[PDB]
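Q: One structure, as structure tokens, below. Some questions next.
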Amino acid sequence: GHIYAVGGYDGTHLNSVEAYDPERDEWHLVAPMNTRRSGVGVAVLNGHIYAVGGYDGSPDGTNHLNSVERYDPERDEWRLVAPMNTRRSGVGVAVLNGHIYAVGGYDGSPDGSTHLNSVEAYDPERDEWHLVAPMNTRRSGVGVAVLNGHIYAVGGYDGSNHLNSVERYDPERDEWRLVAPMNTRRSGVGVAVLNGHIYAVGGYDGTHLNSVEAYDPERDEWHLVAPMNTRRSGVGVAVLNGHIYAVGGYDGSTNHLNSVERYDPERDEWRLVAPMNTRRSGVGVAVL
């Protein structure tokens, strides 16, 4: 019943983590991560939050990260678990069938492949990561979400290119299929699932975007809905109590954002809520 904002960057790569209580409309800092991570992916599995990859630009930092750490809310502690096969900043993360998927990203390590189409899956029982079928398109700054048993990879950027394309992963056949593209190209896009639709929130069309669009899987179509009050690239989203929360990001035309706003799908309206303690772009967000 809380939103967790994990890491990010402030105009400083962050290890701090703060939690939003909707009943009190307040953010409280909790235990910080072991590692500073901007462009981090976050997922929730079995009562724990996983922070996956990211970028540690601190002076003794490792830069593009393959490391992964898990938050236990009962002990208020983070523990490092097995690292991914590939370093990934700007990575998308989803949970499906008891496994965590790390999708795309950017490997800027020496000998790295730069923009990634690869995808790997974490088994918490064995503490191991395995590469699965790659996407059709390389996508850094990609958004992901799970709808009807499939993982959707939305937007991102590739080398040459900000993407409007979208593809869906079927875990049974281990394959990725392009579906309808978005109306707008979006990298650094937030993606969440609410009421049977995927929402693509904000991002960057290389314009920092306030626009929001919704995907109907029945018709394979994207439609714009009400725009956010603030333009946000590198935004985190999550769903709590029937609303989408857009958390932080960057408005490149007040820069790094601590503001937060919430979308009501019934009324098609965005409303600001309490801002975070820290400004965070490239922030990971999950609900636990």
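Note: ideal-geometry Cβ built from the backbone for every residue, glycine included; neighbour counts use all protein chains shown. Bear in mind these aren't lab numbers, they're just calculated from the coordinates by the rules spelled out.
Q: From the phi angles alone, apply the Karplus equation (6.51, -1.76, 1.60; θ = phi - 60°) to segment 145-150 and give each ³J(HN,Hα) in whole Hz, x where the residue is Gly or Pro.
A: 7, 10, 9, 6, x, 10
Q: Okay, moving on. Among the GluC sites (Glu not before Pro) within segment 45-104, which fall in a DSSP loop and have no more than 12 other Cβ atoms within 10 Å of their own Cβ?
A: Those that pass, being in a loop and sparsely packed, are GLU74.
Q: Taking segment 3-287 on its own, what percent of its Cα-Cα pair distances exceed 34 Å?
A: Of the Cα pairs, 10 percent sit more than 34 Å apart.
Q: Using the Karplus curve 6.51 cos²θ - 1.76 cosθ + 1.60 with θ = phi - 60°, work out ³J(HN,Hα) for each residue of segment 275-288 in order, rounded to whole Hz, and write x for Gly and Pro.
A: x, 6, 5, 10, 6, 9, 9, x, 8, x, 9, 8, 10, 8
Q: Separate question: Would you mind pulling out the separation of the Cα centroids of segment 215-237 and segment 1-61, in Å?
A: Using only Cα atoms, the two centres lie 23 Å from each other.
Q: So if the hydrodynamic radius of segment 42-122 is defined as the Kirkwood radius over C-alpha pairs, what does Stokes-Einstein give as its diffusion coefficient at 37 °C and 0.692 mPa s, in µm² per second?
A: 253
Q: Shifting gears a bit: Using modelled amide H (1.01 Å from N, peptide plane; none on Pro or chain starts), what sits under 5 Å from the amide H of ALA238, excluding residues fewer than 5 places away?
A: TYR245
Q: Output wanted: per-residue J couplings in Hz (rounded whole) for segment 201-206, from phi through Karplus 6.51 cos²θ - 1.76 cosθ + 1.60, θ = phi - 60°, x for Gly and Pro.
A: Couplings: 10, x, x, 9, 10, x Hz.
Q: What is the magnitude of the charge dipole of the chain about its Cα centre, with +1 placed on the Cβ of each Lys and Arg, -1 on the Cβ of each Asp and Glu, and no other charges, expressed in debye to the nearest 20?
A: 640
Q: What is the mean projected area of the alpha carbon convex hull for segment 194-288, to one decimal in square nanometres?
A: 6.4
Q: Something else: Would you grab the residues whose amide H sits under 5 Å from the one on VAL273? Only those 5+ places off in sequence or on another chain, please, with H modelled 1.01 Å from N.
A: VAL260, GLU261, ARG262
Q: Taking H placed 1.01 Å from N in the peptide plane, check which residues at least 5 places from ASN117 or on another chain put their amide H under 5 Å from its amide H.
A: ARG139
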